[PDB]
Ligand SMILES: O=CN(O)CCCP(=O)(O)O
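What follows is a single chain, given as structure tokens, in the form deposited without this ligand.
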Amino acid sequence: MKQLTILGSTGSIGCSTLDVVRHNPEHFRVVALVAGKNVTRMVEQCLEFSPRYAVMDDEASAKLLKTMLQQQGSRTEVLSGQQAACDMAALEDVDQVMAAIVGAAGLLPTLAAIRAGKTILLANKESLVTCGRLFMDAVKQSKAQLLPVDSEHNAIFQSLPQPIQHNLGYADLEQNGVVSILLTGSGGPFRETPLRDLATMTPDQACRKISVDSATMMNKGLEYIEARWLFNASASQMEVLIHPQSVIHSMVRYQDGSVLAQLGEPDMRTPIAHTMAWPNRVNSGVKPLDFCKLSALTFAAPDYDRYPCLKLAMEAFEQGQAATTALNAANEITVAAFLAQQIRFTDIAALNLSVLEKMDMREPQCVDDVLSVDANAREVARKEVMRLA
């Protein structure tokens, strides 16, 4: 009987996790739920799974949740604040922790789950994109089990040998027969748009932030960053492949020539159910892949002239966690700028390149150093967007 804490339960990934707890009530039990300010959705979840705790961002949303829960007569105890979230991640009798809180908001709660040697269902990029160095040593020390929930990394994790699966981050690839890790991605919506035509792309031609990040492949680039930390891979042990149909979620290359892959439906309940049930399985409620109703599967090399954000993220990794924390930062600014129509689609990659260029800095050293480089690059971007409007 696995007992868990879900960080960011009202979100997309949260509801899917609860849908897995819902279908396998025999193996899992929610002990604590942590959400943002969505009091409304939280009441429903607290009333169905009835955790011991519920945490909200502020006391305004907390007092209101206490009230609405009070009505329904729910024993669930309401708290709030980031510290309440960190306490929930470190709860004594809690086994797994869905680190689904995204942004800088999720760094300390995830980190506290880690330091407490919990089984971490890593469901956020900020963790390894900004504090990769810091987070991976924290895991080594507490021997906490990281299990990536994101489609691609989960795929790569299922396709890796068991000794690498139990010592995640601190396992040698080459030593275990792994030649490299094949990180795959759709290539985005403008995969086939002639280069000289990308400048004239609009927010409607890319239907939000995740959709633009897919079109520029900043998303893949950010996943190159995490994969490296997560799988202790070098730049030569990484491959980025364009697989438009996305049935294969990612693969792993071996010494003897074999290539192991994970395939399935886009449904997130699969990778989530995998990490939750690990080293076993449960039903997520996801549809069996119907290999008859599929599009032909194709692959191709990524053209860096078409995806500069990918090359930038790869070079940025080499430059240090200071550079990758700024890449993530500048990109949220620029993507949003392009989305509001202040800059051309092609300016996202070009302004990201600028922010990184027009910015010297020193490697972080704690969640705070990272938070500072973020707000710093956000400022160099917020200002660079203006030099264009």
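Residue indices: 1-based, along the sequence shown.
The form deposited with this ligand bound exists for this protein as well; it is not shown, and the discussion that follows is about that form.
Participant: Although this ligand is absent from this view, report whether residue 232 comes within 4.5 Å of it in the bound PDB entry, heavy atoms only.
Facilitator: Contact check for residue 232: no, nothing within 4.5 Å of this ligand in the bound PDB entry.
Participant: Verify the contact flag for residue 268: yes if a non-hydrogen atom of it lies within 4.5 Å of a non-hydrogen atom of this ligand in the bound PDB entry, no if not.
Facilitator: Yes, residue 268 sits close enough to this ligand in the bound PDB entry that at least one of its heavy atoms falls within 4.5 Å.
Participant: Using a 4.5 angstroms cut-off on non-hydrogen atoms, would residue 87 count as touching this ligand in the bound PDB entry?
Facilitator: Residue 87: no, not in contact with this ligand in the bound PDB entry.
Participant: Is the gap between residue 220 and this ligand in the bound PDB entry 4.5 Å or less for some heavy atom pair?
Facilitator: The answer is yes: residue 220 has a heavy atom within 4.5 Å of this ligand.
Participant: So which of 285 to 293, 211 to 219, 133 to 141, 308 to 316 is the stretch with heavy atoms within 4.5 Å of this ligand in the bound PDB entry?
Facilitator: That would be stretch 211 to 219.
Participant: Pick from 83, 176, 167, 186: which has a non-hydrogen atom within 4.5 Å of this ligand in the bound PDB entry?
Facilitator: Filtering the options by heavy-atom distance leaves 186.
Participant: Please tell me which of 145, 151, 158, 96 lies within 4.5 Å of this ligand in the bound PDB entry, judged by heavy atoms.
Facilitator: Checking each option against this ligand in the bound PDB entry, the one that comes within 4.5 Å is 151.
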